[PDB]
Each structure stands twice: as C-alpha cells, then as structure tokens.
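K.L.:
Data: protein08.pdb, PDB, N, CA and C atoms.
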```
ATOM      1  N   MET A   1       9.110  -5.547 -76.393
ATOM      2  CA  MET A   1       9.872  -5.027 -75.221
ATOM      3  C   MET A   1      10.678  -6.156 -74.569
ATOM      4  N   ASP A   2      10.020  -7.092 -73.930
ATOM      5  CA  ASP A   2      10.760  -8.215 -73.280
ATOM      6  C   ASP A   2      10.125  -9.561 -73.641
ATOM      7  N   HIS A   3      10.934 -10.579 -73.800
ATOM      8  CA  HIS A   3      10.397 -11.931 -74.153
ATOM      9  C   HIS A   3       9.732 -12.594 -72.932
ATOM     10  N   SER A   4      10.119 -12.214 -71.737
ATOM     11  CA  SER A   4       9.510 -12.829 -70.516
ATOM     12  C   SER A   4       8.417 -11.927 -69.922
ATOM     13  N   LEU A   5       8.435 -10.648 -70.216
ATOM     14  CA  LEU A   5       7.395  -9.737 -69.646
ATOM     15  C   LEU A   5       6.293  -9.438 -70.672
ATOM     16  N   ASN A   6       6.658  -9.098 -71.885
ATOM     17  CA  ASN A   6       5.623  -8.778 -72.920
ATOM     18  C   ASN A   6       5.271 -10.017 -73.752
ATOM     19  N   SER A   7       6.258 -10.683 -74.304
ATOM     20  CA  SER A   7       5.978 -11.893 -75.141
ATOM     21  C   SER A   7       5.408 -13.033 -74.289
ATOM     22  N   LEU A   8       5.927 -13.231 -73.100
ATOM     23  CA  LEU A   8       5.413 -14.334 -72.227
ATOM     24  C   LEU A   8       3.977 -14.043 -71.776
ATOM     25  N   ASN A   9       3.713 -12.841 -71.314
ATOM     26  CA  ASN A   9       2.328 -12.495 -70.862
ATOM     27  C   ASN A   9       1.332 -12.708 -72.009
ATOM     28  N   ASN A  10       1.685 -12.294 -73.203
ATOM     29  CA  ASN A  10       0.769 -12.484 -74.368
ATOM     30  C   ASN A  10       0.657 -13.976 -74.707
ATOM     31  N   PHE A  11       1.756 -14.691 -74.675
ATOM     32  CA  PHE A  11       1.726 -16.155 -74.998
ATOM     33  C   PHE A  11       0.696 -16.894 -74.128
ATOM     34  N   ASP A  12       0.568 -16.524 -72.876
ATOM     35  CA  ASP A  12      -0.411 -17.221 -71.977
ATOM     36  C   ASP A  12      -1.856 -16.802 -72.293
ATOM     37  N   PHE A  13      -2.161 -15.530 -72.195
ATOM     38  CA  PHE A  13      -3.558 -15.064 -72.476
ATOM     39  C   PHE A  13      -3.945 -15.366 -73.933
ATOM     40  N   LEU A  14      -3.039 -15.190 -74.862
ATOM     41  CA  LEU A  14      -3.382 -15.481 -76.282
ATOM     42  C   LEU A  14      -3.375 -16.990 -76.542
ATOM     43  N   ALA A  15      -2.635 -17.767 -75.782
ATOM     44  CA  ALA A  15      -2.627 -19.248 -76.026
ATOM     45  C   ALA A  15      -4.069 -19.770 -76.091
ATOM     46  N   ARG A  16      -4.873 -19.451 -75.102
ATOM     47  CA  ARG A  16      -6.294 -19.917 -75.117
ATOM     48  C   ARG A  16      -7.088 -19.191 -76.218
ATOM     49  N   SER A  17      -6.749 -17.956 -76.523
ATOM     50  CA  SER A  17      -7.492 -17.223 -77.598
ATOM     51  C   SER A  17      -6.968 -17.614 -78.990
ATOM     52  N   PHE A  18      -5.738 -18.069 -79.085
ATOM     53  CA  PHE A  18      -5.179 -18.477 -80.413
ATOM     54  C   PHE A  18      -6.039 -19.606 -80.990
ATOM     55  N   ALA A  19      -6.347 -20.593 -80.177
ATOM     56  CA  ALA A  19      -7.203 -21.726 -80.653
ATOM     57  C   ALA A  19      -8.655 -21.253 -80.822
ATOM     58  N   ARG A  20      -9.114 -20.373 -79.959
ATOM     59  CA  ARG A  20     -10.518 -19.861 -80.073
ATOM     60  C   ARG A  20     -10.662 -18.997 -81.334
ATOM     61  N   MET A  21      -9.711 -18.127 -81.581
ATOM     62  CA  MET A  21      -9.769 -17.256 -82.799
ATOM     63  C   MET A  21      -9.560 -18.099 -84.068
ATOM     64  N   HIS A  22      -9.026 -19.294 -83.933
ATOM     65  CA  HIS A  22      -8.811 -20.167 -85.128
ATOM     66  C   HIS A  22     -10.161 -20.573 -85.734
ATOM     67  N   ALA A  23     -11.116 -20.919 -84.905
ATOM     68  CA  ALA A  23     -12.461 -21.318 -85.423
ATOM     69  C   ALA A  23     -13.326 -20.076 -85.688
ATOM     70  N   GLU A  24     -13.135 -19.026 -84.923
ATOM     71  CA  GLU A  24     -13.943 -17.781 -85.128
ATOM     72  C   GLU A  24     -13.439 -16.997 -86.350
ATOM     73  N   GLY A  25     -12.181 -17.139 -86.694
ATOM     74  CA  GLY A  25     -11.630 -16.399 -87.869
ATOM     75  C   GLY A  25     -11.269 -14.969 -87.455
ATOM     76  N   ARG A  26     -10.696 -14.803 -86.287
ATOM     77  CA  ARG A  26     -10.313 -13.435 -85.818
ATOM     78  C   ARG A  26      -8.792 -13.254 -85.914
ATOM     79  N   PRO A  27      -8.366 -12.014 -85.976
ATOM     80  CA  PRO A  27      -6.913 -11.710 -86.081
ATOM     81  C   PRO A  27      -6.182 -12.053 -84.775
ATOM     82  N   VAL A  28      -5.124 -12.818 -84.881
ATOM     83  CA  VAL A  28      -4.334 -13.231 -83.677
ATOM     84  C   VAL A  28      -2.848 -13.030 -83.978
ATOM     85  N   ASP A  29      -2.129 -12.340 -83.127
ATOM     86  CA  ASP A  29      -0.679 -12.106 -83.409
ATOM     87  C   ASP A  29       0.131 -13.388 -83.187
ATOM     88  N   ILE A  30       0.228 -14.219 -84.196
ATOM     89  CA  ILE A  30       1.029 -15.467 -84.047
ATOM     90  C   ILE A  30       2.502 -15.096 -83.879
ATOM     91  N   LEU A  31       2.926 -14.002 -84.479
ATOM     92  CA  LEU A  31       4.347 -13.561 -84.340
ATOM     93  C   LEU A  31       4.723 -13.532 -82.856
ATOM     94  N   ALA A  32       3.844 -13.031 -82.024
ATOM     95  CA  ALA A  32       4.123 -13.004 -80.558
ATOM     96  C   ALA A  32       4.483 -14.420 -80.094
ATOM     97  N   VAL A  33       3.790 -15.401 -80.620
ATOM     98  CA  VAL A  33       4.066 -16.825 -80.250
ATOM     99  C   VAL A  33       5.335 -17.350 -80.951
ATOM    100  N   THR A  34       5.699 -16.786 -82.076
ATOM    101  CA  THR A  34       6.923 -17.271 -82.799
ATOM    102  C   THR A  34       8.194 -16.634 -82.210
ATOM    103  N   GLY A  35       8.059 -15.567 -81.450
ATOM    104  CA  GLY A  35       9.260 -14.910 -80.844
ATOM    105  C   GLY A  35      10.031 -15.935 -80.006
ATOM    106  N   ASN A  36       9.342 -16.664 -79.162
ATOM    107  CA  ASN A  36      10.024 -17.695 -78.323
ATOM    108  C   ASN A  36      10.371 -18.922 -79.178
ATOM    109  N   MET A  37       9.518 -19.266 -80.123
ATOM    110  CA  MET A  37       9.776 -20.445 -81.015
ATOM    111  C   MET A  37       9.781 -21.751 -80.210
ATOM    112  N   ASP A  38       8.751 -22.542 -80.353
ATOM    113  CA  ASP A  38       8.680 -23.833 -79.603
ATOM    114  C   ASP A  38       8.663 -25.022 -80.571
ATOM    115  N   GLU A  39       9.019 -26.193 -80.095
ATOM    116  CA  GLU A  39       9.012 -27.403 -80.979
ATOM    117  C   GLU A  39       7.590 -27.674 -81.476
ATOM    118  N   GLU A  40       6.617 -27.543 -80.606
ATOM    119  CA  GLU A  40       5.200 -27.776 -81.015
ATOM    120  C   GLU A  40       4.698 -26.596 -81.861
ATOM    121  N   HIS A  41       5.299 -25.436 -81.703
ATOM    122  CA  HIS A  41       4.871 -24.240 -82.492
ATOM    123  C   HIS A  41       5.155 -24.443 -83.992
ATOM    124  N   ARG A  42       6.124 -25.264 -84.337
ATOM    125  CA  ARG A  42       6.435 -25.497 -85.786
ATOM    126  C   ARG A  42       5.198 -26.046 -86.509
ATOM    127  N   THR A  43       4.736 -27.214 -86.128
ATOM    128  CA  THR A  43       3.519 -27.791 -86.783
ATOM    129  C   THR A  43       2.294 -26.920 -86.460
ATOM    130  N   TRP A  44       2.288 -26.288 -85.305
ATOM    131  CA  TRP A  44       1.142 -25.408 -84.930
ATOM    132  C   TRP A  44       1.023 -24.264 -85.942
ATOM    133  N   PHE A  45       2.099 -23.555 -86.206
ATOM    134  CA  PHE A  45       2.015 -22.432 -87.186
ATOM    135  C   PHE A  45       1.747 -22.958 -88.596
ATOM    136  N   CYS A  46       2.032 -24.203 -88.885
ATOM    137  CA  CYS A  46       1.735 -24.712 -90.262
ATOM    138  C   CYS A  46       0.240 -24.498 -90.547
ATOM    139  N   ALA A  47      -0.605 -25.035 -89.698
ATOM    140  CA  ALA A  47      -2.079 -24.850 -89.871
ATOM    141  C   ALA A  47      -2.490 -23.427 -89.454
ATOM    142  N   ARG A  48      -1.712 -22.783 -88.609
ATOM    143  CA  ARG A  48      -2.054 -21.391 -88.173
ATOM    144  C   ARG A  48      -1.461 -20.361 -89.151
ATOM    145  N   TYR A  49      -0.586 -20.790 -90.027
ATOM    146  CA  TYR A  49       0.020 -19.861 -91.025
ATOM    147  C   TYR A  49      -1.045 -19.510 -92.043
ATOM    148  N   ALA A  50      -1.606 -20.529 -92.636
ATOM    149  CA  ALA A  50      -2.679 -20.333 -93.643
ATOM    150  C   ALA A  50      -3.908 -19.719 -92.979
ATOM    151  N   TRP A  51      -4.274 -20.227 -91.828
ATOM    152  CA  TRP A  51      -5.452 -19.681 -91.102
ATOM    153  C   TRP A  51      -5.255 -18.180 -90.890
ATOM    154  N   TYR A  52      -4.185 -17.796 -90.236
ATOM    155  CA  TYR A  52      -3.920 -16.344 -90.009
ATOM    156  C   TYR A  52      -3.838 -15.599 -91.348
ATOM    157  N   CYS A  53      -3.308 -16.234 -92.361
ATOM    158  CA  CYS A  53      -3.187 -15.569 -93.691
ATOM    159  C   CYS A  53      -4.571 -15.221 -94.263
ATOM    160  N   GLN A  54      -5.519 -16.126 -94.188
ATOM    161  CA  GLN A  54      -6.879 -15.830 -94.749
ATOM    162  C   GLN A  54      -7.755 -15.032 -93.761
ATOM    163  N   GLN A  55      -7.618 -15.252 -92.473
ATOM    164  CA  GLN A  55      -8.475 -14.496 -91.495
ATOM    165  C   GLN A  55      -7.939 -13.077 -91.254
ATOM    166  N   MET A  56      -6.639 -12.888 -91.214
ATOM    167  CA  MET A  56      -6.099 -11.510 -90.975
ATOM    168  C   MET A  56      -6.295 -10.639 -92.216
ATOM    169  N   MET A  57      -6.064 -11.176 -93.396
ATOM    170  CA  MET A  57      -6.273 -10.359 -94.633
ATOM    171  C   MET A  57      -7.751  -9.953 -94.725
ATOM    172  N   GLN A  58      -8.635 -10.763 -94.179
ATOM    173  CA  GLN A  58     -10.091 -10.422 -94.195
ATOM    174  C   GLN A  58     -10.475  -9.682 -92.898
ATOM    175  N   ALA A  59      -9.576  -9.632 -91.937
ATOM    176  CA  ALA A  59      -9.860  -8.935 -90.645
ATOM    177  C   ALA A  59      -9.325  -7.497 -90.687
ATOM    178  N   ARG A  60      -8.287  -7.263 -91.455
ATOM    179  CA  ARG A  60      -7.694  -5.894 -91.550
ATOM    180  C   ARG A  60      -8.730  -4.891 -92.078
ATOM    181  N   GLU A  61      -9.264  -4.075 -91.205
ATOM    182  CA  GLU A  61     -10.279  -3.061 -91.624
ATOM    183  C   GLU A  61     -10.354  -1.950 -90.571
ATOM    184  N   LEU A  62     -10.675  -2.301 -89.350
ATOM    185  CA  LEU A  62     -10.756  -1.284 -88.260
ATOM    186  C   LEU A  62      -9.620  -1.512 -87.255
ATOM    187  N   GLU A  63      -9.405  -2.744 -86.856
ATOM    188  CA  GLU A  63      -8.312  -3.047 -85.883
ATOM    189  C   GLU A  63      -7.277  -3.978 -86.526
ATOM    190  N   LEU A  64      -6.066  -3.974 -86.025
ATOM    191  CA  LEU A  64      -5.009  -4.857 -86.608
ATOM    192  C   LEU A  64      -5.117  -6.275 -86.031
ATOM    193  N   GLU A  65      -4.969  -6.422 -84.736
ATOM    194  CA  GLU A  65      -5.058  -7.780 -84.119
ATOM    195  C   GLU A  65      -5.966  -7.753 -82.883
ATOM    196  N   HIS A  66      -5.580  -7.027 -81.861
ATOM    197  CA  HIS A  66      -6.420  -6.957 -80.621
ATOM    198  C   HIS A  66      -6.047  -5.726 -79.776
TER
END
```
Would you write the structure of this file as structure tokens?

P.N.:
Amino acid sequence: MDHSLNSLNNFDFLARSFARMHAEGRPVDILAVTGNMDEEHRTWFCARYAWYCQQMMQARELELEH
C-alpha cells in the first residue's frame, strides 16, 4: 500500500524480529525490507537471502510469513 505507512511500520516491528527469526528459523518477509532498499540492507540480505531461502521453504506449510 504505502512505503511510509505499510512498509515503514513493518520495517520497524520486523527489524527486531528479522534478526530474532534468523536464529529461530522462522519465515520473515525480507521483501518488505527490500522495498526501501538500504546500503546496509545489501550485505544484510546476502546472509538473509540464503537464510530466508532455507527457512521459508521449510516454513511454508500452514502460514506464509506472519
């Protein structure tokens, strides 16, 4: 819907859950974080690309992300 109302609100609440779901292996919508695209997000998604790739493919069963 909006990058400052929907994408921004998710970027804050998911920011703390993005790192928490990284060790737990839970589905996290990184795309929401890539919509704005940040300089630190480049190297961040490098390790979060593979992580989300193996945890989401194994998480897809009852819920998609959250």

K.L.:
Measuring atom to atom with only N, CA and C atoms, identify which of A:30, A:1, A:59, A:15 is nearest to residue 45 (chain A).

P.N.:
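Smallest separation from residue 45 (chain A) among the options: A:30.
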
K.L.:
Among chain A, which ones does DSSP assign to alpha helix (DSSP H) (computed from the backbone)? Answer as a CSV table (one decimal) with N, CA and C atoms, keeping the file's coordinate frame.

P.N.:
```
chain,number,residue,atom,x,y,z
A,7,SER,N,6.3,-10.7,-74.3
A,7,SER,CA,6.0,-11.9,-75.1
A,7,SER,C,5.4,-13.0,-74.3
A,8,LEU,N,5.9,-13.2,-73.1
A,8,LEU,CA,5.4,-14.3,-72.2
A,8,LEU,C,4.0,-14.0,-71.8
A,9,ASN,N,3.7,-12.8,-71.3
A,9,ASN,CA,2.3,-12.5,-70.9
A,9,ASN,C,1.3,-12.7,-72.0
A,10,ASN,N,1.7,-12.3,-73.2
A,10,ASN,CA,0.8,-12.5,-74.4
A,10,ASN,C,0.7,-14.0,-74.7
A,11,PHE,N,1.8,-14.7,-74.7
A,11,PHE,CA,1.7,-16.2,-75.0
A,11,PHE,C,0.7,-16.9,-74.1
A,12,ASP,N,0.6,-16.5,-72.9
A,12,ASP,CA,-0.4,-17.2,-72.0
A,12,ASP,C,-1.9,-16.8,-72.3
A,13,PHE,N,-2.2,-15.5,-72.2
A,13,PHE,CA,-3.6,-15.1,-72.5
A,13,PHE,C,-3.9,-15.4,-73.9
A,14,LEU,N,-3.0,-15.2,-74.9
A,14,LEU,CA,-3.4,-15.5,-76.3
A,14,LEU,C,-3.4,-17.0,-76.5
A,15,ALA,N,-2.6,-17.8,-75.8
A,15,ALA,CA,-2.6,-19.2,-76.0
A,15,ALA,C,-4.1,-19.8,-76.1
A,16,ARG,N,-4.9,-19.5,-75.1
A,16,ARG,CA,-6.3,-19.9,-75.1
A,16,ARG,C,-7.1,-19.2,-76.2
A,17,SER,N,-6.7,-18.0,-76.5
A,17,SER,CA,-7.5,-17.2,-77.6
A,17,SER,C,-7.0,-17.6,-79.0
A,18,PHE,N,-5.7,-18.1,-79.1
A,18,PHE,CA,-5.2,-18.5,-80.4
A,18,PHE,C,-6.0,-19.6,-81.0
A,19,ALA,N,-6.3,-20.6,-80.2
A,19,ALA,CA,-7.2,-21.7,-80.7
A,19,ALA,C,-8.7,-21.3,-80.8
A,20,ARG,N,-9.1,-20.4,-80.0
A,20,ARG,CA,-10.5,-19.9,-80.1
A,20,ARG,C,-10.7,-19.0,-81.3
A,21,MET,N,-9.7,-18.1,-81.6
A,21,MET,CA,-9.8,-17.3,-82.8
A,21,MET,C,-9.6,-18.1,-84.1
A,22,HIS,N,-9.0,-19.3,-83.9
A,22,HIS,CA,-8.8,-20.2,-85.1
A,22,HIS,C,-10.2,-20.6,-85.7
A,23,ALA,N,-11.1,-20.9,-84.9
A,23,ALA,CA,-12.5,-21.3,-85.4
A,23,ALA,C,-13.3,-20.1,-85.7
A,24,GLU,N,-13.1,-19.0,-84.9
A,24,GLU,CA,-13.9,-17.8,-85.1
A,24,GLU,C,-13.4,-17.0,-86.4
A,30,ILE,N,0.2,-14.2,-84.2
A,30,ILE,CA,1.0,-15.5,-84.0
A,30,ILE,C,2.5,-15.1,-83.9
A,31,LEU,N,2.9,-14.0,-84.5
A,31,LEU,CA,4.3,-13.6,-84.3
A,31,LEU,C,4.7,-13.5,-82.9
A,32,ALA,N,3.8,-13.0,-82.0
A,32,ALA,CA,4.1,-13.0,-80.6
A,32,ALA,C,4.5,-14.4,-80.1
A,33,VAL,N,3.8,-15.4,-80.6
A,33,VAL,CA,4.1,-16.8,-80.2
A,33,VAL,C,5.3,-17.4,-81.0
A,34,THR,N,5.7,-16.8,-82.1
A,34,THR,CA,6.9,-17.3,-82.8
A,34,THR,C,8.2,-16.6,-82.2
A,35,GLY,N,8.1,-15.6,-81.4
A,35,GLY,CA,9.3,-14.9,-80.8
A,35,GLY,C,10.0,-15.9,-80.0
A,36,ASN,N,9.3,-16.7,-79.2
A,36,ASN,CA,10.0,-17.7,-78.3
A,36,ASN,C,10.4,-18.9,-79.2
A,39,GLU,N,9.0,-26.2,-80.1
A,39,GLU,CA,9.0,-27.4,-81.0
A,39,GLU,C,7.6,-27.7,-81.5
A,40,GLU,N,6.6,-27.5,-80.6
A,40,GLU,CA,5.2,-27.8,-81.0
A,40,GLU,C,4.7,-26.6,-81.9
A,41,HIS,N,5.3,-25.4,-81.7
A,41,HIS,CA,4.9,-24.2,-82.5
A,41,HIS,C,5.2,-24.4,-84.0
A,42,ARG,N,6.1,-25.3,-84.3
A,42,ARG,CA,6.4,-25.5,-85.8
A,42,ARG,C,5.2,-26.0,-86.5
A,43,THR,N,4.7,-27.2,-86.1
A,43,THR,CA,3.5,-27.8,-86.8
A,43,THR,C,2.3,-26.9,-86.5
A,44,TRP,N,2.3,-26.3,-85.3
A,44,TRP,CA,1.1,-25.4,-84.9
A,44,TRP,C,1.0,-24.3,-85.9
A,45,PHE,N,2.1,-23.6,-86.2
A,45,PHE,CA,2.0,-22.4,-87.2
A,45,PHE,C,1.7,-23.0,-88.6
A,46,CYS,N,2.0,-24.2,-88.9
A,46,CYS,CA,1.7,-24.7,-90.3
A,46,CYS,C,0.2,-24.5,-90.5
A,47,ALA,N,-0.6,-25.0,-89.7
A,47,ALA,CA,-2.1,-24.8,-89.9
A,47,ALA,C,-2.5,-23.4,-89.5
A,48,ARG,N,-1.7,-22.8,-88.6
A,48,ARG,CA,-2.1,-21.4,-88.2
A,48,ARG,C,-1.5,-20.4,-89.2
A,49,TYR,N,-0.6,-20.8,-90.0
A,49,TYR,CA,0.0,-19.9,-91.0
A,49,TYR,C,-1.0,-19.5,-92.0
A,50,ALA,N,-1.6,-20.5,-92.6
A,50,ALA,CA,-2.7,-20.3,-93.6
A,50,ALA,C,-3.9,-19.7,-93.0
A,51,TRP,N,-4.3,-20.2,-91.8
A,51,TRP,CA,-5.5,-19.7,-91.1
A,51,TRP,C,-5.3,-18.2,-90.9
A,52,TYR,N,-4.2,-17.8,-90.2
A,52,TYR,CA,-3.9,-16.3,-90.0
A,52,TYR,C,-3.8,-15.6,-91.3
A,53,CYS,N,-3.3,-16.2,-92.4
A,53,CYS,CA,-3.2,-15.6,-93.7
A,53,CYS,C,-4.6,-15.2,-94.3
A,54,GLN,N,-5.5,-16.1,-94.2
A,54,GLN,CA,-6.9,-15.8,-94.7
A,54,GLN,C,-7.8,-15.0,-93.8
A,55,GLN,N,-7.6,-15.3,-92.5
A,55,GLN,CA,-8.5,-14.5,-91.5
A,55,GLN,C,-7.9,-13.1,-91.3
A,56,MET,N,-6.6,-12.9,-91.2
A,56,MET,CA,-6.1,-11.5,-91.0
A,56,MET,C,-6.3,-10.6,-92.2
A,57,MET,N,-6.1,-11.2,-93.4
A,57,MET,CA,-6.3,-10.4,-94.6
A,57,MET,C,-7.8,-10.0,-94.7
A,58,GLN,N,-8.6,-10.8,-94.2
A,58,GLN,CA,-10.1,-10.4,-94.2
A,58,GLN,C,-10.5,-9.7,-92.9
A,59,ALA,N,-9.6,-9.6,-91.9
A,59,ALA,CA,-9.9,-8.9,-90.6
A,59,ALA,C,-9.3,-7.5,-90.7
```

K.L.:
Taking only C-alpha atoms into account, which of A:4, A:54, A:9, A:43 comes nearest residue 27 (chain A)?

P.N.:
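Going through A:4, A:54, A:9, A:43 one by one, the smallest distance to residue 27 (chain A) is for A:54.
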
K.L.:
Between A:49, A:16, A:10, A:64, which one has atoms that come closest to residue 32 (chain A), using all atoms listed in the file?

P.N.:
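So, comparing all the options, the nearest one is A:10.
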
K.L.:
Would you mind telling me which residue in A:7, A:26, A:44, A:50 lies nearest to residue 66 (chain A) when using only C-alpha atoms?

P.N.:
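Of the candidates, the smallest distance to residue 66 (chain A) is held by A:26.
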
K.L.:
Ranking A:14, A:24, A:41, A:36 by minimum distance to residue 56 (chain A) and counting only C-alpha atoms, which one comes first?

P.N.:
A:24
